[PDB]
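Written below as structure tokens is the structure these notes are about.
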Amino acid sequence: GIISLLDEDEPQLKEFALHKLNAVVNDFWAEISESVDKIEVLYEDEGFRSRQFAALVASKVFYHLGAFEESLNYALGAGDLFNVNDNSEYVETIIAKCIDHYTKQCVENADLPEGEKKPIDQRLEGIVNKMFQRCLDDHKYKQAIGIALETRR
Amino acid sequence: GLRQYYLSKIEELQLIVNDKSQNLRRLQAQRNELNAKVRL
Amino acid sequence: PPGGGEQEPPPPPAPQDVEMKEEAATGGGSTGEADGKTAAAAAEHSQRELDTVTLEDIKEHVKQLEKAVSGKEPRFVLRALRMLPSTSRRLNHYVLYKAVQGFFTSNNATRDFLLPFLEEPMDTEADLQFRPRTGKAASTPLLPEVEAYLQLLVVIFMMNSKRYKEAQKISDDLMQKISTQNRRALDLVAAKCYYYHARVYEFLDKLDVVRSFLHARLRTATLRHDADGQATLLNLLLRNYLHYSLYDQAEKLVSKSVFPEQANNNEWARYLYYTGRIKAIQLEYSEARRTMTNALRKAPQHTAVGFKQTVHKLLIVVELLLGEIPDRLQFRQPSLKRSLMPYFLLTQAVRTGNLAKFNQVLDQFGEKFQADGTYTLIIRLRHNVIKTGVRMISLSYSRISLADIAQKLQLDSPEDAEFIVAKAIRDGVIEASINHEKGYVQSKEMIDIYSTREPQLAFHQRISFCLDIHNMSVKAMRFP
Amino acid sequence: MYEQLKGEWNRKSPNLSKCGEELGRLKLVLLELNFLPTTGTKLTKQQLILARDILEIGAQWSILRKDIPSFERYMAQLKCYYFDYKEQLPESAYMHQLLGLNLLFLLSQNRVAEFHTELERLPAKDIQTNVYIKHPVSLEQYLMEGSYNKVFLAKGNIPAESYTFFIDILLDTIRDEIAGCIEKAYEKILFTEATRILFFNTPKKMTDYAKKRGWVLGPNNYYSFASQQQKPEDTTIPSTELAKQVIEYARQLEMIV
Amino acid sequence: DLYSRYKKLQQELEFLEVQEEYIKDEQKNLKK
Amino acid sequence: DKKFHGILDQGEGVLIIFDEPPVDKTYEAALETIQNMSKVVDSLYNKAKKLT
Amino acid sequence: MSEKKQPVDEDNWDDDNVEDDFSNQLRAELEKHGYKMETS
Amino acid sequence: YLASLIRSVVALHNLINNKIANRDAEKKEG
């Protein structure tokens, strides 16, 4: 019962649900299958101040179920609390389907920059120069030059 | 992290190579038998 | 000493005869042709490793006096195995330890001496980058420790030997796993040690933090290689998730890891069976019986096959649930005949219309069904007994009283004998009406079923099917 | 020892000014420790045996006030507690009467799939022992076949607790079912026979069913509309589909693939 | 150089997809 | 004895007489091919199953 | 060969269908006919 | 349905006619 902690209207459980969503982050990623709205409507609730953290554990369930764009769109909506989490062997799958979705998106933008272009999310490109910051620091460049053709930027 | 993803995609793109060439290996030999039938 | 000195001295060298030809040919090959040039999609060292698991399953039985295997470990573990000019002395070291067993006495490893038999990958310039050696140089001692399992103050020696292989497993997951098949040839060494990683733990230990490590193992799987890493990490994911109540079944529905598209003909065969029981246990009947059948006709030609003693039992559990029944003893064996007689007596009751005949089985063999772990599907056959019977009676008798069918089905009540017939029509077993005022249930006689469309539906399933196998005979022919 | 609760829980306090204080008391559980199963400190059970006794009685009054969405909240949390392999009480005087109580209400919830996946958790506690859980699984067994009277003989046999709200929903899902099964191919039925096949003597509830569906109110009569005549004699529905299929035969017959 | 591994094996499907079509239409045309 | 075919009634003695040569040629002369072809696949065991 | 990773451990057919019908029904039905004459 | 049933058996007899010319030349020729 970690899914039904996102029910109540009182605000004092809202900062106790973030006390009780991070503790249960380890194993039971298969049980949030039936809690899409209970993340998303409670993502739209202002009481649960760390609304983006609900999208962190929502990014944990849909890899375990294999809805790879649903983990991707919820890694987009997980904000700074996903931007702070990038040193993992979990996260190297869902920062990276992003780049797969990113490198084909701006191919379509390099085709037609004249009108009806798809809206750049600026979190879509917010990690790409941030991944280039790793290329600015970790001294590997034969992979770094290769995004810069494939990014169409 | 980034390039970590890319060696997934080189190795399953290669899975199309080993059987469609195997289809072509089957297919190209069929023409050579049929062209040997014609010229003879 | 005469009863020793004629029956003990041939157990050292004649295994030394065959162990200079099977894993020394594997060590002569899979260090220089797995770390070396290549072992391609058509390799031999995997099937050679398939030859060096099965032979040693029933090879060793004894506690190894005369150091006949207890002296093999101080031989086979002092191995650098770096390159040919430094192993030309090691080709002498295959013979230098032979007189150590013969001229002198070695250290007889009897349940205590495995601790100075594991710490050697520092001794004389050994490495772990050559994991086509060291993953096999794990498994060449990691198998015969755990092959007998011997379960008497040994488990920690099996554990620390796995820990050194788990150290090789982390270097597998992180360090240079590409085109050397460092993942591929050690995904088998992952998979084959997992069954020795489990029967330790299914005997005396826990089960579940390995599962999160297996999720971390499934993490890097299909993330660098999409061949035999998607396959064996999911049957070994399922193997106690079925026996547990954790979610794990609707997860596997929407999971992308359903198709690894190739799993070497024996792990692929049971793969359709572990998920074949999942649809069986959560009420998906008609979809299950075709992946139960497909999980049967892809298995090899062994005789002591006690899991096949289960799939032939389970495959027509769900077909009793659907109505169809084949002859189950059509391949009856001296080892199948005793494993069928309680369960064959069950389907004897199903083809009959008697009601408490089901009860005469479920008290006689109610304990046997819980040993096989199948009772929860057995308990619901009474819905299928009564629909078999109401089809049986309505087709035989045309105008039968409803106050006669209950006495024949020993229903003890005519007042719900109308009511099963109501659910027989609601399900659609029999068509015709019931004179509830009188009491007879009349049935209409069948009409021209020949001039109905439905035998073409018996054809169109099989017209299109028989053109497929003619196409598959074309697609599989012209390889030359 | 941080209880605040041991005075007004056994006696009935029906929807009084306790439940908001009770949830605020369940708030003061959550400041001290999470209801994470606490794998360490097995000796400390006051967060485990004393705190869950609050949560099992918290599910008990969740049915008496007709609070259905908040009822499955507490019972799912109790399922995540007996999942723990840590040694607890094996049961109490409530665990049969609460776990099988979820079995009896999910019976009413019209989801038969979760009715049968419970059966992993207790293999022997259904037939050979635990007769109080034999009664719900034998009930839905009796609902599976046509048997209706043996179902309401089990409405003469309620042994454990009241089971009131569950059998009254089990009334309603049987009311439309007979109103469903009055619609088979029957003859005239007078206003006595099918008047008493559910329960009722002679209220106006029969007109509430006789005007809902057919079988028209007449001179002691239920009129039979067993026509089933309009649908047959279709050559066209094959002749669209088969003309597709015959060309589909010729695709994998001549054209090399 | 995996982006150089991608072009060459994008150039593979570039080059292989036409070949399997190229002998496929011979099959009817040699018969004709 | 099938020298004539019909039916006899017991209540009042009514002989409903009917006739049709139904069909015999189409099915059973195509049915025996199937058991001929079954023995061909059986004879495939003596040059394939033994051999490769 | 013959690995099978172990997770756990005419003359015949027509009479089995005939065993299904009279499984517990009048096995030696020989002497009831001697007793059915005076009853029926 | 009879004629398509024949079509599967004939090409299967052709399949062994290629497995007689595959295995019985790799040891002979190489």
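All Cβ positions, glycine included, derive from the backbone under ideal geometry; neighbour counts span all protein chains shown. Derivation of every value follows stated rules applied to the coordinates shown; laboratory data play no part.
Taking the condition among the basic types (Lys, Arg), touching a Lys or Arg at 6+ places or on another chain (Cβ under 9 Å) and buried (at least 18 other Cβ atoms within 10 Å of the Cβ), does C:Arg224 pass? When the stated conditions are applied, C:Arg224 passes them.
Cβ-Cβ contacts under 8 Å between residues 6 or more apart (or on different chains), taken from a first residue in the stretch G:2-19 that is closer than 23 Å to C:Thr310 by Cβ to a second residue that is of a type in the set (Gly, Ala, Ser) and in a loop (DSSP other than H, G, I, E, B), are listed as G:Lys4/C:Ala299; G:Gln6/C:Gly306; G:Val8/C:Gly306; G:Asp9/C:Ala304; G:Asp9/C:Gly306. For the stretch E:12-32, give me each residue that is basic (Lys, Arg), exposed (fewer than 10 other Cβ atoms within 10 Å of the Cβ) and either in contact with a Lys or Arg (Cβ under 8 Å, 6 or more places away or on another chain) or in a helix (DSSP H, G or I) (or both). Within the stretch E:12-32, just E:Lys31 meets the criteria.
Under the condition of being more than 11 Å from every other protein chain (Cβ to nearest Cβ) and crowded, with 18+ Cβ neighbours inside 10 Å, the residues counted in the stretch A:19-49 number 5.
Among the candidates C:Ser451, C:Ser433, the residue that is surrounded by 15 or more Cβ atoms within 10 Å (Cβ to Cβ) and small (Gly, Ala, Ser) is uniquely C:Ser433.
Considering only the stretch D:151-161, I want to know if a residue exists there that is assigned to a loop (DSSP other than H, G, I, E, B) and over 30 Å from C:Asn384 (Cα atoms). Yes, the stretch D:151-161 has at least one match. Listed residues D:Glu8, D:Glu32; which is surrounded by 12 or more Cβ atoms within 10 Å (Cβ to Cβ) and either within 24 Å of D:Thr164 (Cα to Cα) or charged (D, E, K, R) (or both)? It is D:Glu8. Among what's in the stretch A:97-153 and is hydroxyl-bearing (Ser, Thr, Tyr) and either surrounded by fewer than 16 Cβ atoms within 10 Å (Cβ to Cβ) or within 14 Å of chain E (Cβ to nearest Cβ) (or both), pick the residue that is farthest from the chain's Cα centre (by Cα). That would be A:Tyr141. Look at (1) within 14 Å of chain G (Cβ to nearest Cβ); (2) in a loop (DSSP other than H, G, I, E, B); (3) not acidic (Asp, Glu) and you find that C:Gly4 fails only one, number (1).
The residues of the stretch D:45-96 that are of a type in the set (A, V, I, L, M) and either more than 25 Å from D:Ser162 (Cβ to Cβ) or not in a helix (DSSP H, G or I) (or both), listed by number, are D:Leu48, D:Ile49, D:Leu50, D:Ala51, D:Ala59, D:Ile63, D:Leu64, D:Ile68, D:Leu89, D:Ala93. Remark: C:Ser339 matches the filter, which requires a residue to be more than 10 Å from chain D (Cβ to nearest Cβ), assigned to a loop (DSSP other than H, G, I, E, B) and more than 27 Å from D:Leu153 (Cβ to Cβ). Residues in the stretch D:178-214 that are of a type in the set (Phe, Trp, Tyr), surrounded by 15 or more Cβ atoms within 10 Å (Cβ to Cβ) and within 14 Å of chain C (Cβ to nearest Cβ): D:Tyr186, D:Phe191. Which ones in the stretch C:178-229 are β-branched (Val, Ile, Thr) and within 14 Å of chain B (Cβ to nearest Cβ)? Of everything in the stretch C:178-229, those that are β-branched (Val, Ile, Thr) and within 14 Å of chain B (Cβ to nearest Cβ) turn out to be C:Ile178, C:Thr180, C:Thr220, C:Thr222.
Counting only residues that are surrounded by 13 or more Cβ atoms within 10 Å (Cβ to Cβ) and in a helix (DSSP H, G or I), the stretch C:117-162 holds 26 of them. Condition check for C:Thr31 on (1) surrounded by fewer than 16 Cβ atoms within 10 Å (Cβ to Cβ); (2) away from every other protein chain (no Cβ under 14 Å); (3) part of a loop (DSSP other than H, G, I, E, B): one failure, at (1). The C-beta contact set for the stretch C:449-474 (first residue under 28 Å from H:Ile16 (Cα atoms), second residue of a type in the set (A, V, I, L, M) and surrounded by 12 or more Cβ atoms within 10 Å (Cβ to Cβ), distance under 6 angstrom, 6+ apart or interchain) comprises C:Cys466/H:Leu5; C:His470/H:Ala11; C:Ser473/H:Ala11; C:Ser473/H:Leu12; C:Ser473/H:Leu15.
Every residue, every condition in (1) among the basic types (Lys, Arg); (2) within 16 Å of C:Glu145 (Cβ to Cβ), yes or no:
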residue: C:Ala25; (1), (2): no, no
residue: C:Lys37; (1), (2): yes, no
residue: C:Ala43; (1), (2): no, no
residue: C:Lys63; (1), (2): yes, yes
residue: C:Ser70; (1), (2): no, yes
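Out of all the residues in the stretch D:218-237, which are more than 43 Å from the chain's Cα centre (by Cα), within 25 Å of C:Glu431 (Cα to Cα) and part of a helix (DSSP H, G or I)? Result: no residue meets the conditions. Of the set (1) away from chain A (no Cβ under 14 Å); (2) farther than 25 Å from A:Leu6 by Cα, all apply to D:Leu99 but (2). Summed over the stretch C:53-82, residues that are of a type in the set (A, V, I, L, M, F, W, C), in a helix (DSSP H, G or I) and surrounded by 18 or more Cβ atoms within 10 Å (Cβ to Cβ) total 1. Among the residues of the stretch C:271-316, those that are within 11 Å of chain G (Cβ to nearest Cβ), surrounded by fewer than 18 Cβ atoms within 10 Å (Cβ to Cβ), under 23 Å from C:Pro342 (Cα atoms) and of a type in the set (A, V, I, L, M, F, W, C) comprise C:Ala304, C:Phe307. Name the residues in chain B that are buried (at least 16 other Cβ atoms within 10 Å of the Cβ) and assigned to a loop (DSSP other than H, G, I, E, B), would you? Those that are buried (at least 16 other Cβ atoms within 10 Å of the Cβ) and assigned to a loop (DSSP other than H, G, I, E, B): B:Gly1, B:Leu2. So which residues in chain G are basic (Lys, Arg) and more than 30 Å from C:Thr232 (Cα to Cα)? Those that are basic (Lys, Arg) and more than 30 Å from C:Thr232 (Cα to Cα): G:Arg27, G:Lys32, G:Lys36. Scanning the stretch D:134-143 for residues that are touching a helix residue (DSSP H, G or I) at 6+ places or on another chain (Cβ under 7 Å) and away from chain C (no Cβ under 13 Å), we see that the one that is nearest to D:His96 (Cα to Cα) is D:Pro136.
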